[PDB]
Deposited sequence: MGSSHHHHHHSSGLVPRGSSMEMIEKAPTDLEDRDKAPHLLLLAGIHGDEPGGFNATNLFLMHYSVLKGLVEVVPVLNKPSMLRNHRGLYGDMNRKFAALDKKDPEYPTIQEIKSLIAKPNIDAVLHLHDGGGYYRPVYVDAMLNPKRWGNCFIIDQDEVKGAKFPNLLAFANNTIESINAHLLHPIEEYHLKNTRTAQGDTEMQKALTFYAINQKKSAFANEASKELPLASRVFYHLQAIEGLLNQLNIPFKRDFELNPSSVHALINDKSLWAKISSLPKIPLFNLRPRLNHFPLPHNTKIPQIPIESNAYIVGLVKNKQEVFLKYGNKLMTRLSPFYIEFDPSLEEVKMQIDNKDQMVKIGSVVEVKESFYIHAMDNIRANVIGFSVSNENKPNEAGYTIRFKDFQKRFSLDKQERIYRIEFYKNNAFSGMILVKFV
């Protein structure tokens, strides 16, 4: 996991309001939480103070849509064997929580049903955790903001001013953890209370569609930020339609290794003969995105590209040495010569032509005449469209080889 800071543009403004640590994704099958932290990171600005964000605590489990591959990570904050696979991660998390710079902690979850204080039915009862705002105790002496109960009551009131359906009404849950809630005594927020941080958990119901879960998580975040007097902005209107559009953001991309950025959405469901660097374990292959919850994971003979719990495409890998010597290629684009950098996307209105290179072979994927296809003037009508990266059939791979090594890729997009 990674921690990402959301700070004011002026460094000196960091100490002028409180500091929140915002965490989600300790359970890998709770996408409301880690899509909310993602959207917070992408679309909000913190104007004074600081919000530190760990958008997904348990990324290996998120990648396999799993509650916890190594067990429940949210029961590992008390006793823990040093040989537990997550022991180092727990120590990193405790370190972040217990830093003197942190004042408050907000931990996001998705939970089944809808909590009610007395039993109604199977979906609505006190054993359920959905749509409630949780504290371990009413007060934490020594904290900058000791009145957890007041903060919670006000945060709940804020959320409840924006209910989508009345059944979704938020309720307070005080677990009184120090008084023998054996389970909660091993969880993250109790650890935070014991470091004299004001700590809260927000749980959105799993009965809700993802965009509604994320809506309630953002409402909780905004409610707590208002209580803390951490000033913020966001670049969208907070409603489920907007949230849906921002999760399904067609501007999202992924850059795998030194390859060109590819769009996250509307990829073909399988990409064949996809070059990946050899002798590299999948978790160590670099992958960048403008989102914060994107990754690669092995599944049988494929490598999945994941956006949270969403499967964006199935890579059928071609493991090969990535020779980094080739920096750029001379291409004619729409009659005009230019030096195109390896790893870029070039837009094409009409045509292109790759100038031949002594020791480099070009394969235009979807075009045919160990193919060498430099020296051909290529138009959209020359492509077999099923080789496109995208469902829209506009984006094609050009792969370069200095045999038997991969020298890089350029994408052409027909516009």
property	result
Ranges of the deposited sequence (numbered from 1) for which no C-alpha atom is modelled	1-20, 390-393
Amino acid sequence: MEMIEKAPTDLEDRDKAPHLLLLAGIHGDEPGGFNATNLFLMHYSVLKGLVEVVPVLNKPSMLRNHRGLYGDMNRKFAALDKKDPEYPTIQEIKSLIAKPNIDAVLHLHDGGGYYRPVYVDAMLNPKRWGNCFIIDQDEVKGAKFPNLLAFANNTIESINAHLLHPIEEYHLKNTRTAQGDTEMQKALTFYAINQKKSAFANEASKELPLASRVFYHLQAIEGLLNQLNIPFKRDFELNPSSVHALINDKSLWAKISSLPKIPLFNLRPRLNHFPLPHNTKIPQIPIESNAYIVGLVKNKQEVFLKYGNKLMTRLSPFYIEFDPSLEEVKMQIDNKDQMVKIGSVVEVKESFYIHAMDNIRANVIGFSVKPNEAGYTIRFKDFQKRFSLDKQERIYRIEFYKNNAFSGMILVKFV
From here on, numbers count along this sequence of modelled residues.
property: Higher-B stretch (mean Cα B-factor, as the entry records it), 80-88 or 299-307; result: 80-88
property: Higher-B stretch (mean Cα B-factor, as the entry records it), 372-380 or 62-70; result: 372-380
property: Most elevated Cα B-factor in the entry, residues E168, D323, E203, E222; result: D323
property: Selection from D337, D235, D103, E157 [criterion: highest C-alpha temperature factor in the record]; result: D337
property: Entry-reported Cα temperature factor of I287, expressed as the chain third it lands in; result: highest
property: Ranked against its chain, the third holding the CA B-factor of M409; result: middle
property: Record-listed C-alpha B factor of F367: chain third; result: highest
property: Chain-relative CA temperature factor third for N174; result: middle
property: Lowest, middle or highest third - CA B-factor, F387; result: highest
